[PDB]
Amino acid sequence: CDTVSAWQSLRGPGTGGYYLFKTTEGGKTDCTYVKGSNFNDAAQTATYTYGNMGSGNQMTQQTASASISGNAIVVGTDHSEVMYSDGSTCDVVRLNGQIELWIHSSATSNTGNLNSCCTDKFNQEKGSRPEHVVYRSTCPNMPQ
């Protein structure tokens, strides 16, 4: 289960976005997502639009510059270390001592049939910590 690079993780398929599916972190807002755009492959920089369920059944949206430092995706002060990513469908990252499993928007109707490398890495790294499910099928689509 050889991981792709942090840049390859950030960029993913280059379209759609990623929803936070499972995390060790409690109190996360439903429908937490990130979506990359304006990808600069040479610089390894992008625009990230991120947010979660807001009011009125609409996603919140905030933007930031995403970049790479070592094997971490950097957004503001958040350095999300890539534990495993396939660059296509899912990522397992570590941020602020939490283990997070993210899924591409194309993978949301197969939440029980994810890349074995992603689920194995998530299950290994979370240890004895309870998991929390953040994605639900009724989450809105990614912002456009």
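Start at 1 with the first residue shown and count on from there.
Remark: stretch with higher mean C-alpha B factor among 111 to 119 and 50 to 58 is 50 to 58.
With 135 to 143 and 3 to 11 compared on mean CA B-factor from the PDB entry, the stretch scoring higher is 135 to 143. Sorting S85, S69, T77, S65 by the CA temperature factor given in the entry leaves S65 at the top. The top Cα temperature factor in the record, among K28, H104, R94, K35, falls on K28.
Sort the chain's modelled residues by C-alpha temperature factor and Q98 lands in the middle third, per the entry.
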